[PDB]
Amino acid sequence: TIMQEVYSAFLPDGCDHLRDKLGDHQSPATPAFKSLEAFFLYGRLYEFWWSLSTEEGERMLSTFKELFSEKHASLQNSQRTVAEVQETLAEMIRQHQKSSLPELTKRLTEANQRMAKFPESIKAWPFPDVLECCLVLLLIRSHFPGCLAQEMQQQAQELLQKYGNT
Amino acid sequence: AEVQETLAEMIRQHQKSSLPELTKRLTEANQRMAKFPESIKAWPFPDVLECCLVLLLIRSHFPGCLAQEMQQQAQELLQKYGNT
């Protein structure tokens, strides 16, 4: 409600006004703007869920398709796995003080390689939680029987079942 | 030490009231200790497995370094002894 307030106050309309002038392949600072717009979309998505708990249907739901960013959820997945492995090793050191490794190292060597494969644009500029957004989209779709969200629901399902499975 | 604690707990449970492999473990551990010279036994040393764990933790913070063969040595030492 402060993330929402900033958008509602300093940019009441869409962010596309800031895209044509500079972000339309005019400056190398166009990726960061996307993140801002993405964050905006994220907030709007949550607002729609807050409305559910019809008028803004397929017309508005088609704007969130850019937010999924399959190439961007892998980064969050890798960071989460790396953080959980670091926590596991810290707990191992704590248990050694008070007193699975091969696959753990394979996971690390795949996650670090995947992170290195991404360019600096993805790593440097933030983004909202993609899997949480997919979960909220699925929750909203569950409240609309028979809509099926066309291929958007399929994309959300495959992104949610490919990365971050627990 | 863990086997001695296990036997002490067995005696306590007998007071208030796996052995073949335990004895095999003892007869291998005592033999391994006897095989070492007095230099290793008499003079202390920091916890090697904990040091390997800290090295792995530090390496996890550096992506792509791989520590060359040092990481491999730490991994094999950690997965060969003290596995739990």
# chains A, B, ... in the order shown; residues from 1 in each chain; ligands from 1
>>> select_by_dssp(residues="chain A", states="alpha helix (DSSP H)", output="PyMOL selection string")
chain A and resi 3-10+17-18+30-52+58-61+70-98+101-117+120-124+130-142+151-162
>>> closest_atom_pairs(of="chain A", to="chain B", cutoff="12 Å", atoms="only C-alpha atoms", output="JSON lines")
{"residue": "A:78", "atom": "CA", "partner": "B:63", "partner_atom": "CA", "distance": 11.8}
{"residue": "A:79", "atom": "CA", "partner": "B:61", "partner_atom": "CA", "distance": 11.3}
{"residue": "A:81", "atom": "CA", "partner": "B:60", "partner_atom": "CA", "distance": 11.3}
{"residue": "A:82", "atom": "CA", "partner": "B:60", "partner_atom": "CA", "distance": 7.8}
{"residue": "A:83", "atom": "CA", "partner": "B:60", "partner_atom": "CA", "distance": 9.6}
{"residue": "A:84", "atom": "CA", "partner": "B:60", "partner_atom": "CA", "distance": 11.3}
{"residue": "A:85", "atom": "CA", "partner": "B:60", "partner_atom": "CA", "distance": 8.6}
{"residue": "A:86", "atom": "CA", "partner": "B:57", "partner_atom": "CA", "distance": 6.5}
{"residue": "A:87", "atom": "CA", "partner": "B:57", "partner_atom": "CA", "distance": 9.4}
{"residue": "A:88", "atom": "CA", "partner": "B:57", "partner_atom": "CA", "distance": 9.6}
{"residue": "A:89", "atom": "CA", "partner": "B:57", "partner_atom": "CA", "distance": 6.5}
{"residue": "A:90", "atom": "CA", "partner": "B:57", "partner_atom": "CA", "distance": 7.6}
{"residue": "A:91", "atom": "CA", "partner": "B:53", "partner_atom": "CA", "distance": 10.4}
{"residue": "A:92", "atom": "CA", "partner": "B:53", "partner_atom": "CA", "distance": 7.8}
{"residue": "A:93", "atom": "CA", "partner": "B:50", "partner_atom": "CA", "distance": 6.3}
{"residue": "A:94", "atom": "CA", "partner": "B:50", "partner_atom": "CA", "distance": 9.4}
{"residue": "A:95", "atom": "CA", "partner": "B:50", "partner_atom": "CA", "distance": 9.9}
{"residue": "A:96", "atom": "CA", "partner": "B:50", "partner_atom": "CA", "distance": 6.7}
{"residue": "A:97", "atom": "CA", "partner": "B:50", "partner_atom": "CA", "distance": 8.1}
{"residue": "A:98", "atom": "CA", "partner": "B:50", "partner_atom": "CA", "distance": 11.5}
{"residue": "A:99", "atom": "CA", "partner": "B:2", "partner_atom": "CA", "distance": 10.6}
{"residue": "A:100", "atom": "CA", "partner": "B:79", "partner_atom": "CA", "distance": 9.0}
{"residue": "A:101", "atom": "CA", "partner": "B:79", "partner_atom": "CA", "distance": 7.1}
{"residue": "A:102", "atom": "CA", "partner": "B:75", "partner_atom": "CA", "distance": 7.9}
{"residue": "A:103", "atom": "CA", "partner": "B:75", "partner_atom": "CA", "distance": 11.4}
{"residue": "A:104", "atom": "CA", "partner": "B:75", "partner_atom": "CA", "distance": 10.6}
{"residue": "A:105", "atom": "CA", "partner": "B:75", "partner_atom": "CA", "distance": 8.7}
{"residue": "A:106", "atom": "CA", "partner": "B:75", "partner_atom": "CA", "distance": 11.6}
{"residue": "A:107", "atom": "CA", "partner": "B:60", "partner_atom": "CA", "distance": 10.9}
{"residue": "A:108", "atom": "CA", "partner": "B:60", "partner_atom": "CA", "distance": 7.3}
{"residue": "A:109", "atom": "CA", "partner": "B:64", "partner_atom": "CA", "distance": 8.0}
{"residue": "A:110", "atom": "CA", "partner": "B:64", "partner_atom": "CA", "distance": 10.3}
{"residue": "A:111", "atom": "CA", "partner": "B:63", "partner_atom": "CA", "distance": 9.1}
{"residue": "A:112", "atom": "CA", "partner": "B:63", "partner_atom": "CA", "distance": 5.5}
{"residue": "A:113", "atom": "CA", "partner": "B:64", "partner_atom": "CA", "distance": 7.2}
{"residue": "A:114", "atom": "CA", "partner": "B:63", "partner_atom": "CA", "distance": 10.3}
{"residue": "A:115", "atom": "CA", "partner": "B:63", "partner_atom": "CA", "distance": 8.5}
{"residue": "A:116", "atom": "CA", "partner": "B:63", "partner_atom": "CA", "distance": 7.8}
{"residue": "A:117", "atom": "CA", "partner": "B:64", "partner_atom": "CA", "distance": 11.1}
>>> residues_around(residues="residue 163 of chain A", least_positions_apart="6", cutoff="10 Å", atoms="only C-alpha atoms", output="PyMOL selection string")
chain A and resi 70+73-78+131
>>> residues_around(residues="residue 65 of chain A", least_positions_apart="2", cutoff="12 Å", atoms="only C-alpha atoms", output="number ranges by chain")
A: 38, 41-42, 45, 58-63, 67-70, 130, 133-134, 137, 149-156
>>> write_last_selection(atoms="N, CA and C atoms", output="CSV table (one decimal), in the first residue's frame")
chain,number,residue,atom,x,y,z
A,38,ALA,N,7.3,-4.0,-14.8
A,38,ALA,CA,6.9,-5.3,-14.3
A,38,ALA,C,6.4,-5.2,-12.9
A,41,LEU,N,2.9,-4.0,-12.9
A,41,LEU,CA,2.0,-5.1,-13.3
A,41,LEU,C,1.8,-6.0,-12.1
A,42,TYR,N,2.9,-6.3,-11.4
A,42,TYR,CA,2.7,-7.2,-10.2
A,42,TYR,C,1.7,-6.6,-9.2
A,45,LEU,N,-1.7,-6.9,-10.5
A,45,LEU,CA,-2.2,-8.3,-10.4
A,45,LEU,C,-2.7,-8.5,-9.0
A,58,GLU,N,-10.4,-10.3,-19.7
A,58,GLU,CA,-9.4,-10.6,-20.7
A,58,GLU,C,-8.7,-9.3,-21.2
A,59,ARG,N,-9.3,-8.2,-21.1
A,59,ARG,CA,-8.7,-7.0,-21.6
A,59,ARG,C,-7.5,-6.6,-20.7
A,60,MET,N,-7.6,-6.8,-19.4
A,60,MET,CA,-6.5,-6.4,-18.5
A,60,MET,C,-5.6,-7.6,-18.3
A,61,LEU,N,-6.2,-8.8,-18.2
A,61,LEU,CA,-5.4,-10.0,-17.9
A,61,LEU,C,-4.3,-10.3,-19.0
A,62,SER,N,-4.5,-9.7,-20.2
A,62,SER,CA,-3.5,-9.9,-21.3
A,62,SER,C,-2.3,-9.0,-21.1
A,63,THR,N,-2.3,-8.0,-20.2
A,63,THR,CA,-1.2,-7.2,-19.9
A,63,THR,C,-0.2,-7.9,-19.0
A,67,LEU,N,4.9,-10.3,-17.7
A,67,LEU,CA,5.5,-10.4,-16.3
A,67,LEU,C,6.0,-11.8,-16.1
A,68,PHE,N,5.6,-12.8,-16.8
A,68,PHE,CA,6.0,-14.2,-16.4
A,68,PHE,C,7.5,-14.4,-16.6
A,69,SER,N,8.0,-14.0,-17.7
A,69,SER,CA,9.5,-13.9,-18.0
A,69,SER,C,10.2,-15.2,-17.6
A,70,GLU,N,9.9,-16.3,-18.3
A,70,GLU,CA,10.5,-17.6,-18.1
A,70,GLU,C,12.0,-17.5,-17.9
A,130,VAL,N,8.3,-14.3,-9.5
A,130,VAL,CA,7.6,-14.8,-10.7
A,130,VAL,C,6.7,-15.9,-10.3
A,133,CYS,N,3.6,-14.7,-8.5
A,133,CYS,CA,2.7,-14.2,-9.4
A,133,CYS,C,1.9,-15.3,-10.2
A,134,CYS,N,2.6,-16.3,-10.5
A,134,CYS,CA,1.9,-17.5,-11.2
A,134,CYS,C,0.9,-18.1,-10.2
A,137,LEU,N,-2.1,-15.8,-10.1
A,137,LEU,CA,-2.8,-16.0,-11.4
A,137,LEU,C,-3.7,-17.2,-11.4
A,149,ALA,N,-8.0,-19.0,-19.1
A,149,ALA,CA,-7.0,-18.1,-19.4
A,149,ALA,C,-6.2,-18.3,-20.7
A,150,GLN,N,-6.8,-19.2,-21.6
A,150,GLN,CA,-6.2,-19.5,-22.8
A,150,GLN,C,-4.8,-20.1,-22.6
A,151,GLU,N,-3.7,-19.7,-23.3
A,151,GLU,CA,-2.4,-20.3,-23.0
A,151,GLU,C,-1.7,-19.6,-21.8
A,152,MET,N,-2.2,-18.6,-21.3
A,152,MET,CA,-1.6,-17.9,-20.1
A,152,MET,C,-1.6,-18.9,-18.9
A,153,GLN,N,-2.7,-19.6,-18.7
A,153,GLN,CA,-2.7,-20.6,-17.6
A,153,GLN,C,-1.7,-21.7,-17.8
A,154,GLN,N,-1.6,-22.2,-19.1
A,154,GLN,CA,-0.6,-23.2,-19.4
A,154,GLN,C,0.8,-22.7,-19.1
A,155,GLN,N,1.1,-21.5,-19.5
A,155,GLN,CA,2.4,-20.9,-19.3
A,155,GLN,C,2.7,-20.8,-17.8
A,156,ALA,N,1.7,-20.3,-17.0
A,156,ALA,CA,1.9,-20.3,-15.6
A,156,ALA,C,2.1,-21.6,-15.0
>>> closest_residue(among="A:5, A:158, A:47, A:55", to="residue 136 of chain A", atoms="only C-alpha atoms")
A:47
>>> closest_residue(among="B:70, B:77, B:55, B:1", to="residue 30 of chain B", atoms="only C-alpha atoms")
B:1
>>> residues_around(residues="segment 23-37 of chain A", least_positions_apart="2", cutoff="7 Å", atoms="only C-alpha atoms", output="list in words")
residues 15, 18, 19, 20, 21, 39, 40, 41, 121, 125, 126 and 127 of chain A
